Amino acid sequence: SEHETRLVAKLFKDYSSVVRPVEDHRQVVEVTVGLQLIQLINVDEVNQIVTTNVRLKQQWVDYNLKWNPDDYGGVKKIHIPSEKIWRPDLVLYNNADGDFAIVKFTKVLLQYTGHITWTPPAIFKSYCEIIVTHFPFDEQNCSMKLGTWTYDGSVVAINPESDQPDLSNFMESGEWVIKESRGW
Amino acid sequence: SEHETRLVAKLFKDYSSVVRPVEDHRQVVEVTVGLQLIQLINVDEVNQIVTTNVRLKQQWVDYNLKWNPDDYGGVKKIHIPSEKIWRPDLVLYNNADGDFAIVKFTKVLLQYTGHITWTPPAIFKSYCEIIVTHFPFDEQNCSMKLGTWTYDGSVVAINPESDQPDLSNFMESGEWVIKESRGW
Amino acid sequence: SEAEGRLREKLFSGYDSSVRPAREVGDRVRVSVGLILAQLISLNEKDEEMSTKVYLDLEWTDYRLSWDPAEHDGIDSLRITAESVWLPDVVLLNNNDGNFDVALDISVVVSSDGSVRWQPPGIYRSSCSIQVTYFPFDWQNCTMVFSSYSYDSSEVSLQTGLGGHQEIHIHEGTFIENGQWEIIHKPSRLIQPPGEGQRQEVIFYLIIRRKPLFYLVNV
Amino acid sequence: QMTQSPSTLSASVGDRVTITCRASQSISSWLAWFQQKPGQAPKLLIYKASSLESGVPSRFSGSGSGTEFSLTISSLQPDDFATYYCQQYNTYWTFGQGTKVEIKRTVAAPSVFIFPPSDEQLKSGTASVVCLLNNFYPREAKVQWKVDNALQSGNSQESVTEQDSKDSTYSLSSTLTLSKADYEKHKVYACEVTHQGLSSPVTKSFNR
Amino acid sequence: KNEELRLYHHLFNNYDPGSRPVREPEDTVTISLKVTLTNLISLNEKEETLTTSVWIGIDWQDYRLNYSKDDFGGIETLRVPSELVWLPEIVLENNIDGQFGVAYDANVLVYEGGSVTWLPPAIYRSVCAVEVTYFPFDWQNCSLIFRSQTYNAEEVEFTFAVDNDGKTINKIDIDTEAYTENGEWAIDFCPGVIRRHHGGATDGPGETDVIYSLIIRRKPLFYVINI
Amino acid sequence: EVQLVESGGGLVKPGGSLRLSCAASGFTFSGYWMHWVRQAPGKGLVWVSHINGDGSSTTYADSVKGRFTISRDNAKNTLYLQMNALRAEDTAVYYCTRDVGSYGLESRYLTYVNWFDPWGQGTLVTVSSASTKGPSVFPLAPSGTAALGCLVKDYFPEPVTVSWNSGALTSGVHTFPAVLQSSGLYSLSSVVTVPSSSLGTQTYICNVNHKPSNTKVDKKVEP
Amino acid sequence: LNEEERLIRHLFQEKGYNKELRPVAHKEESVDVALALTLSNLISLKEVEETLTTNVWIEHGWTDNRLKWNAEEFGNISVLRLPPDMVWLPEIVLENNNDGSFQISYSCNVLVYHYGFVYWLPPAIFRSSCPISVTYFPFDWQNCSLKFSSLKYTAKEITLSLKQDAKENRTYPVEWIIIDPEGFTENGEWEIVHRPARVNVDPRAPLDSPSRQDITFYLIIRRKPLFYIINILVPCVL
Ligand SMILES: *[C@@H]1O[C@H](CO)[C@@H](O[C@@H]2O[C@H](CO)[C@@H](O[C@@H]3O[C@H](CO[C@H]4O[C@H](CO)[C@@H](O)[C@H](O)[C@@H]4O)[C@@H](O)[C@H](O[C@H]4O[C@H](CO)[C@@H](O)[C@H](O)[C@@H]4O)[C@@H]3O)[C@H](O)[C@H]2NC(C)=O)[C@H](O)[C@H]1NC(C)=O
Ligand SMILES: CC(C)CCC[C@@H](C)[C@H]1CC[C@H]2[C@@H]3CC=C4C[C@@H](O)CC[C@]4(C)[C@H]3CC[C@]12C
Ligand SMILES: *[C@@H]1O[C@H](CO)[C@@H](O)[C@H](O)[C@H]1NC(C)=O
Ligand SMILES: *[C@@H]1O[C@H](CO)[C@@H](O)[C@H](O)[C@H]1NC(C)=O
């Protein structure tokens, strides 16, 4: 594991997490965003808040965090603290009363090609207009609006990973059935 | 303060809080432990938890935190932050849903002889078998088991300060009367 | 603020904020303690705790933080982050929720003579033994006991704030009056130790009368 | 270790210049380029191998990484004739041997003059003999002392003048120092010049 | 001079806690796991949350942290802060309150021979879907799922700890003497299973976790008497 | 404006000691690493030493590892270099310079770069075992265009100023850089090339001035 | 991103930026801080606890002359995103909180423009004291306030003002809480009638007091009594 130590020492010697990670400042950072819904924790009709457990998968290439595996004993991927690198500042724009941004700074998986995958967990408390007209036979349509809070489209570009959210690891809800889900 | 500034700079120049504070590793750190009960906050019978406000007086000797007062203007005692020094890791073994260890890191009083007194506060939430047979004429017997989590008796020895808990600063309870108290 | 930068650099060269200021061994640091009550949030009888929002008013002298204003472009005072200077470890001893400290450390005001005035905000939940006998036509005597947690009276001496009004300050215009409690009295007292490890206290008392209209109408 | 190239470079106003630098080990980007005119202090032109300073003209540019780096001047100006140094940092700071940029002009043939030791100096027991090359370009080879057609070495000293402000030519002096006995033991003394501007090696001699 | 300080300098002057303790990248770190439950605090049915007090025993090998007692005055154990050593970053995946890690970062014990032991305590609030059909005469099957937050199955794998007789402890351990049964819930069973999945070529790197299944029985006496 | 001013140079005998000082202005002195860099006469730049902002960390060149001591006083905004066991190879112009890339490295967003941006004019240190002596002025006379001049030999230390009739003439000066002889002293020749038609008419004299020796020579060159 | 690495190094390392010092040439000067408030959603008004819970985006705007640059010297960079802990901040807090959360929730990046303007839009969840008038309940209207001031700085150090907007090349103050007409979802029980914004200066307090100046954003909110009507009043009255 000395090769990985040497690589990590090399990479963060001339690194800045403030600076966006591409070669030229006129370029746009391309971020792929996907949402995995682990659990629908609760729907509060009074305060109109949907609380959910999510994994917010974010993928992007860091131009400066590249290496040749042959020069480092065949190491092709490593794990890095997320606080140490530049990240997109994704915020839940329609947060009701929870955290606006990611607070659980888990580690990122970094490939030798500069590709970073970061899949932090979060508890999203989002504001959802609740139509109680047909309650308790009501259908609700609750959204999660995500965006880079301080970066606009000319500097950081976000694209969906898939047309739909990832529901493969979704826990069964004793109160709701998700008929349809989609990201735009 | 200039004398104490120079003393504090000298003491922590090459200090280590990782290793035990003994001249030789075959010696045992002798810790005197004394629990002061300030308040009996609550007795939750359903969850079998007792919430109490306590002061956990811990006394020991640090071999390397000694000085001659004559060399420092006659300073015989000082107060220093507790986070800087080695401490015993006393844990409440029967903690129910509170803190396992001390989290309020108050200052330690350090004598020129190396004697440390550290009296942190804590909220102990301890799991206590609640017998409800004679409720509300019920007598309860809740314990608070304390021990060094990671140090065994061969490296760190704990001794009670007194046979009984210190109830001198105990606030009267409107729901309970402490018939008896004792530490073993 | 280049002159201010030089003054701070001068003041904090060799300065240790963990060391109590005492030019000589045995010198006592006099700490004047006062209280401003921004809001009497509540008095929970079930939990037997008084919730208040306050501003402390701590005054003390630190000789290390003195300077000549003539040598520093006439700067007579500074505003410094509280963590940068030595603070007395004045805490609420009779807190009910385990929170001893202030809500926000903010900034100290340091004068050129070494005087330091610190006015941190604090949301405090203090223990109050409820006299239930005349509830809801009752009055309560809830105390806030402030004292240094570590330093003894031979190191830090406390006195009631004034400059002599020994009372909790309540600003007439901006006080959030409680809807259920009327403040009858609001004194402050310095409690000496009985007869080192001995420690003074500054106790701010709130004698408060309940306003029982709700229970008259509903019960 | 550092290796700069070329040690010397002649050009004119408007021509492109490229000075290369090479490190024996990969220094990533930790390289700075400095300029130093005669009689002044160094001035940083580039840091981190491509970052221009705030007040530097935009003609200067920096490229390179790992071991191979380079400084480019797109259009020379009269103020750009200077000695350009490079500096690196791996765990200590190492400057590279500098490279000088001179004004380029037409070739001018040298003028050769040999002076014999004064009689006042000979009274003291020593002797200084000078051979002077004037108004020549470029700075090529040197002069070779002959003592009765015997080559000398290790006893002569050399002096060089900086490019002139008007004609932009060089001047060179070779000074031979001998004792009076060694001066008198031999008769014929000559300096021979080999330089590209001369058709054949020019030997100028004198007899005592 | 204390020999503990000499050993600490010997082991940690040149040490990276960010790198796995493997000689080659393709090697796997084996983690011996035990989970000891001390108290079952509650099962809140309205929020479907199981609150428990546990402590996890995590054992593994770190060749970089190897030493012999003969060269250091007979020291057989060294306590150091957990932040200084590499950890497999075990988390409870099926938590409900967002708390993944342990309650108290206890010291790791480094034994001679490169063995590292970490015994952190934890308060866990886990998801337990409540089967209501026979409430209050019901029993529940609450899962505790543990996994590495960072490393895949090829990087870090799990095995169960063994008792003194060598029998595998594939269950939640409970100290009978110190255990006080919850006033409403009796723990009838607690098997543990190490699961491996996503091992196919299309799935890519394999994943693994450890699932304990607390089969708990309600004591319905309160509902019988009062309702 | 950022300014660095050096002082404390001069002539020191080998085996002695010296103290170089550098006064800084226009910036926060304590927030930057500082470097001493020497340039020998007619050589390239060579890094001497480095000191942190506070002064805990110091670094030196291998040739000055045990003999030099770098220090600082942030109250006075003064960098200092104590030099001991001086040798003839330490004769150089010494420069104090600020490492701009070392500011704010305590923050995680800034990493170090080598950015020796401001440089002082420098101060000259001459390590020599010789002593002050005055020059000797000899003729350099002819044996195309004719050349003549004055040879100024065996003087120490620099500089020597050559003048003709209080500057009445504007062009025709040539004076070569001084050369360090093996003895320890300096020599040069100041010359003029012109056509040979001006032999017989005008009288001419060369004035040499060497201030350290208090030498004012006015040597008349004639057939 | 060579160019803004050059710019960041130029601003913070070359010019020695110190975030502890205010952006002023002399100490006697004051820093103008313009404040606006956008109401993302009114979470709740708890009557028993007398607490208003709101989600607000606070637009701070000020000038830091030390953070100026010429754009065409730095690749025509016109704006920078920086972590808020590198730069000096005008620490504004909610004075009238009743839970101890004085500060903003998420410390987002500051936007710094080449002409020295620092823009900062932190979002926050605030729980503020709102005394309740029960006289006309459930047909009542409440008058809550969000009072913003600085405890680290006084009127001698920062001057608080309202944000200024432009229309037809005419400047006016923003004297209201900003609400997006499309993106705002109304609270299920409370309708906003008025939403003014005011700069309050106390002439009696000294200029070195934190209580001298503040900016208050008020919410006059009318209860929608349909729930209470249907579920309480008609049954009870009948
Ligand atoms: C408390 O809760 C735990 C956890 O939920 C339960 O334990 C799980 O129980 C389920 C059964 O309900 C187990 O799932 C079963 O696993 C079998 C073995 O799987 C392996 O082999 C198959 C090939 O045969 C592979 O495909 C697979 O990847 C494994 O390698 C499967 O054979 C079962 O399939 C059958 O049942 C399912 C469900 O009905 C059908 O969809 C299938 O078509 C097929 O008929 C099934 O997948 C699971 O492995 C258990 N997990 C553990 C022990 O960790 C406890 O049973 C529960 N306790 C109670 C209720 O008392
Ligand atoms: C006997 C019938 C009328 C039932 C009793 C009705 C009682 C409870 C009265 C008291 C106050 C009344 C409300 C007061 C104001 C309005 C006006 C308008 O907004 C629609 C009806 C509405 C909302 C009223 C509905 C009826 C009401 C709720
Ligand atoms: C650890 O080092 C000891 C002493 O140097 C050596 O005997 C032993 O072989 C090493 N570890 C193992 C696992 O063998
Ligand atoms: C920036 O824009 C100006 C105007 O078009 C242009 O002159 C310049 O070259 C551009 N690019 C820079 C400054 O890098």
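Going down the list, the sequences are from chains C, A, E, G, B, F and D.
If you're matching positions, the first sequence starts at 1 in the deposited numbering and goes up one per residue.
If you're matching positions, the second sequence starts at 1 in the deposited numbering and goes up one per residue.
Numbered per the deposited numbering, the third sequence spans residues 1 to 163, 168 to 199, 206 to 229.
If you're matching positions, the fourth sequence starts at 22 in the deposited numbering and goes up one per residue.
If you're matching positions, the fifth sequence starts at 1 in the deposited numbering and goes up one per residue.
Numbered per the deposited numbering, the sixth sequence spans residues 32 to 174, 181 to 260.
If you're matching positions, the seventh sequence starts at 1 in the deposited numbering and goes up one per residue.
Even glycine gets a Cβ: it sits at the ideal position worked out from N, Cα and C.
{"Query": "beta-carbon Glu72(D) near ligand 4 non-hydrogen atom, thresh 6 Å", "Result": "yes"}
{"Query": "Per-residue burial, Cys236(D) [other beta carbons within 10 Å of its own, 16 or more giving buried]", "Result": "exposed"}
{"Query": "Partner residues on chain D for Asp71(C), Cβ-Cβ distance less than 8 Å", "Result": "Neighbours of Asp71(C) on chain D: none; closest Cβ ~24 Å, over 8 Å."}
{"Query": "Coarse secondary structure for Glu2(E), derived from DSSP in three states", "Result": "helix"}
{"Query": "Residues bridged to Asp44(C) (per DSSP)", "Result": "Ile49(C)"}
{"Query": "Residues that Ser1(E) contacts on chain D, provided the C-beta gap is smaller than 7 Å", "Result": "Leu21, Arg22, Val24, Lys27"}
{"Query": "Interface positions of the stretch 62 to 93 of chain A facing chain E (Cβ-Cβ less than 7 Å), listed along the chain", "Result": "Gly73, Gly74, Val75, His79, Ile80, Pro81"}
{"Query": "Strand pairing of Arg160(G), partner residues [DSSP]", "Result": "Paired residue(s): none; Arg160(G) is not in a bridge."}
{"Query": "The stretch 96 to 121 of chain E: positions lying closer than 7 Å to chain D by Cβ", "Result": "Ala103, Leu104, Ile106, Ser107, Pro121"}
{"Query": "Candidates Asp148(F), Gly84(F), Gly209(F), of which the one nearest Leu136(F) by Cα", "Result": "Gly84(F)"}
{"Query": "Ligand 1 site residues, beta-carbon cut 5 Å against heavy atoms", "Result": "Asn141(B), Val193(B), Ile211(B), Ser213(B)"}
{"Query": "Minimum Cβ-Cβ distance from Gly135(F) to chain D less than 7 Å", "Result": "yes"}
{"Query": "Near ligand 3: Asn14(B) beta-carbon under 6 Å from a heavy atom", "Result": "no"}
{"Query": "Nearest neighbour of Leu167(C), chosen from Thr52(C), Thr148(C), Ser1(C) [CA to CA]", "Result": "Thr52(C)"}
{"Query": "Cβ-based neighbour list, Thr150(A), same chain, cut-off 7 Å, excluding 5 preceding and 5 following", "Result": "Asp89"}
{"Query": "DSSP state of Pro160(A) mapped onto helix, strand, coil", "Result": "strand"}
{"Query": "For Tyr204(G) and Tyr192(F), the rounded distance between their alpha carbons", "Result": "23 Å"}
{"Query": "CA nearest to the CA of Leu146(A), picked from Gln58(A), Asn47(A), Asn68(A)", "Result": "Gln58(A)"}
{"Query": "Residues of the stretch 116 to 143 of chain F whose Cβ lies closer than 9 Å to any Cβ of chain C, in chain order", "Result": "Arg139, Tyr140, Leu141, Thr142, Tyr143"}
{"Query": "Contact belief for residue 230(E) with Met144(A) at Cβ below 8 Å, rounded distance in angstroms", "Result": "Because chain E is modelled from 1 through 229, residue 230(E) falls outside the range shown and cannot be assessed."}
{"Query": "Bridge partner(s) assigned by DSSP for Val56(D)", "Result": "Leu39(D), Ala124(D)"}
{"Query": "C-beta atoms of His216(G) and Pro131(G) nearer than 7 Å", "Result": "yes"}
{"Query": "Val237(D), DSSP secondary structure in three states", "Result": "helix"}
{"Query": "Delimiting residues of the alpha helix (DSSP H) encompassing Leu143(G)", "Result": "140 to 144"}
{"Query": "Assigned secondary structure, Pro173(F) (DSSP; H/G/I helix, E/B strand, else coil)", "Result": "coil"}
{"Query": "Reduced DSSP category for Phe12(D) - H, G, I as helix; E, B as strand; rest coil", "Result": "helix"}
{"Query": "Any C-beta of chain C under 7 Å from that of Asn41(D)", "Result": "yes"}
{"Query": "Within 5 Å of ligand 2: residues by beta-carbon to any heavy atom", "Result": "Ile229(D), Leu233(D), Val234(D), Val237(D)"}
{"Query": "Residue burial classification, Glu83(E) (beta-carbon count within 10 angstroms, cutoff 16)", "Result": "exposed"}
{"Query": "Residue from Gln213(D), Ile230(D), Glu168(D), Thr63(D) with nearest C-alpha to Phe117(D)", "Result": "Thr63(D)"}
{"Query": "Environment of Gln25(G) [buried if 16+ CB atoms lie within 10 Å]", "Result": "buried"}
{"Query": "Per-residue DSSP class, three states only, for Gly165(F)", "Result": "coil"}
{"Query": "Beta strand (DSSP E) runs wholly inside the stretch 72 to 140 of chain F, at least 3 long, in chain order", "Result": "76 to 82, 89 to 91, 99 to 104, 109 to 115, 123 to 130"}
{"Query": "Residue from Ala70(G), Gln184(G), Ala171(G) whose Cα sits closest to the Cα of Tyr106(G)", "Result": "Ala70(G)"}
{"Query": "Limits of the beta strand (DSSP E) - the one that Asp89(C) falls within", "Result": "Here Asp89(C) belongs to no beta strand (DSSP E), and DSSP marks it neither H nor E."}
{"Query": "Inside the stretch 108 to 187 of chain B only - beta strand (DSSP E) runs reaching at least 3 residues", "Result": "108 to 111, 115 to 118, 121 to 127, 139 to 148, 156 to 160"}
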